[PDB]
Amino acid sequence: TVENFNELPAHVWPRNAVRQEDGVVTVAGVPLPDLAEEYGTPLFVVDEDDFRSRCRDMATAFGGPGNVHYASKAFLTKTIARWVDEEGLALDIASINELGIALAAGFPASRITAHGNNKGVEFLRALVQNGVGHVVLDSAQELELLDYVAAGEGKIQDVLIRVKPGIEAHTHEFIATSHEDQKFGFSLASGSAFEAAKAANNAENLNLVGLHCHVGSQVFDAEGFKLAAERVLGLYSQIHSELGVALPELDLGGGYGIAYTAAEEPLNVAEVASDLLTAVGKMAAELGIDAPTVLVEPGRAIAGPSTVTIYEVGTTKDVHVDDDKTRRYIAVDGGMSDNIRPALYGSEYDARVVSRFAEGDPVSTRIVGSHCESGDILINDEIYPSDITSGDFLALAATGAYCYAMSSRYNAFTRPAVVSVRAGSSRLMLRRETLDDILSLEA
């Protein structure tokens, strides 16, 4: 109905977003239509306090800022690095260039944890040389090469070992196997995780501080994580009783969910954190071991909800699908270049006109981008007002995670600008790419 489309689901949109009485949406007091006209569309707009409030919600819930690592895979700039730094969080990195961005923004290396399934020797040297907090080991080969690079330098390197406990946790279900057929870490079940722990114990230039796992995607309760944790704590016990070693940390990954659409419930960190910590505690007690410090690695659940993407509506048409059955197609000025996720995973997004109220009769609508392929589809099948039209600004919610980071130059489109908002003003974070940027790779 027209009513529902003119609302703004608070649990999806950014915390400081508001539908004004004229139909305009503001984020931190700044009208979205004014940002679009000042910076051009498409536009990524980041609610800065929203980002920070999700850092603090995470921090409270897992017992302090330094047990929460921000997964920079979701979105990383110098600005974001500094926000994360200021809130006292840890930072997850996964390539030499992400490390580069972090160091360039002043981010202390001792609060950096380093992931990667295929870390080269250049990347390792840089990590050890800058005295990074943790290196998370993927393979026997990384383990041996990290030892040589550590010995080659002064240093001893705090490491975690990635373990596959055989749990894959989703929104409505988790799936349990003996082994995970995937490229990361060591199997728990073949003993291979235990032999990696042994080898890192023995290594003179590595200090083993705990195990890591990552089992979740868009998770809203703790039950998959509890079963992951039980299994991994079986291994903390085997390590304790077979090697005598106590492990201070347990790193349980991210995969914490956010609501993308009005029907989905928002995440409740505090409940999820309360259930999981408690369970760890009872489990460590039952096994006769020290309850390790739980570390977590939210990407999506910190960066995601803070950000929207504004497009300008261009072409509209009624496309025949049978003899008098039509579907309304709305073209916007970006597409799969700035949001690849509906195409790649089937992900559904909430869209709203943020320039006005709609009055049109609701009809079956598809939002498409401006690229010359079918499949460049942002919203597949919804019932939206039929007076959405050329010159309206339309935004999608929850584009702060993965979208910008997965953006392409398909059809030579320029990566969009990222602007941040706070206390009624807007700061440019990332300028819009230009045709000159593209052409400069040819000089």
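For every residue, the number given is its place in the sequence shown, counted from 1.
- Of the two segments, 334-342 and 252-260, the one listed with the higher mean B-factor is 334-342 (C-alpha atoms only).
- Stretches 145-153 and 92-100 differ in mean C-alpha B factor, with the higher average recorded for 145-153.
- Remark: of 105, 367, 272, 308, 105 shows the highest value [criterion: C-alpha B-factor in the PDB entry].
- Across the residues 286, 223, 230, 181, the deposited record lists the maximum Cα B factor for 286.
- Sort the chain's modelled residues by C-alpha temperature factor and residue 31 lands in the highest third, per the entry.
- Residue 15: CA B factor in the lowest third of modelled residues in this chain (values from the PDB entry).
- Compared with the other modelled residues of the chain, the Cα B-factor recorded for residue 206 ranks in the highest third.
- Among the modelled residues of the chain, residue 374 sits in the highest third by CA temperature factor in this PDB entry.
- Per the deposited record, the Cα B-factor of residue 87 falls in the highest third when ranked against the other modelled residues of its chain.
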